[PDB]
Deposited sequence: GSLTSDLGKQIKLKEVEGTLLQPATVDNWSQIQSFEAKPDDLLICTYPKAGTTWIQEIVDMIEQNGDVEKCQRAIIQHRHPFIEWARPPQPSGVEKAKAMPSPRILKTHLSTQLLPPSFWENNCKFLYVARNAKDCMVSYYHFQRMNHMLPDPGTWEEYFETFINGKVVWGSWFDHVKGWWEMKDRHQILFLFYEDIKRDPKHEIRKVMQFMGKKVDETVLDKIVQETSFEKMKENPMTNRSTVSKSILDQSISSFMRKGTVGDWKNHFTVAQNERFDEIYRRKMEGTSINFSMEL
């Protein structure tokens, strides 16, 4: 079972808590970590946490009678670090009004499709994704929890021009983690200590975090999944959906 808000699939308890979620009061010093599912939430959260420490309430989460994500957030001392998978359309509007910091991480659509497929298989709280061939179409149509990859990324990319958004790419972090993590430290108003930065880079590698779903943690696993026929179909749909947007992704390391 899943419920919907404005046609976007969401966990039922989330939808039941929608009026509380939407009336959430943001604060100007909030830092909101925003990702489409599988674009790098676990990774970026670990990076932010290490930077804070140095060397988070899920706003839409609910599970009565336990405290909801917004109840937990309401009680958190500032500066609050929070997270969401909500699109710009569904985000509580107080975050826009308070000129909050947003840390957005994007990841290529093909690797997101693969990661989400395996996640739906291993996670009982997410629907059975069907065969790979079925899921391919499902994901392109956005019929997954938190909605379309395309709508998510386009919306957040558009907003970066008007709001305080540090817009990062998963593949850039994989390629040069020190370069990207330095940007997060600066965004968070931290004095960059090269020695602390170096520790964060080494401690947040896939290998370190995996030992302590962390599946493969690379770029380009999509090439192992997509047939050539699937790839040609995908590239055509992608061209149509992404037409006119200035965003570009890396597809391999």
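Comparing the deposited sequence with the modelled residues shows gaps at 1-11, 67-79, 237-255, with numbering starting at 1.
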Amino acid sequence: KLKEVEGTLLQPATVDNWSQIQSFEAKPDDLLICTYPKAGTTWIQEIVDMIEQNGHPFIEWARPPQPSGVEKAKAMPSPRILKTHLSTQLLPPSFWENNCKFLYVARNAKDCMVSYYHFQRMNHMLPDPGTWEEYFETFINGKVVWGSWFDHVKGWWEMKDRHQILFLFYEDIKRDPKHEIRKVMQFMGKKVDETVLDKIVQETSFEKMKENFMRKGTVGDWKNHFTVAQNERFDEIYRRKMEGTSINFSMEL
From here on, numbers count along this sequence of modelled residues.
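Just going by the entry, 133-141 versus 104-112 on mean CA temperature factor gives the higher value to 133-141. Relative to one another, 154-162 and 122-130 have unequal mean CA B-factors, and 122-130 is the one with the higher figure. For the set 48, 209, 200, 62, the maximum C-alpha B-factor listed in the entry falls on 209. Within the group 15, 229, 21, 242, the record's highest C-alpha temperature factor is found at 242. Sort the chain's modelled residues by C-alpha temperature factor and residue 217 lands in the middle third, per the entry. In the PDB entry, residue 79 places in the highest third of its chain by CA B-factor. For residue 176, the recorded CA B-factor ranks within the middle third of the chain. Only modelled residues enter the ranking.
In the deposited entry, the Cα temperature factor of residue 40 sits in the bottom third of values across the chain's modelled residues. Ranked by Cα temperature factor within the chain, residue 28 sits in the middle third according to the deposited record.
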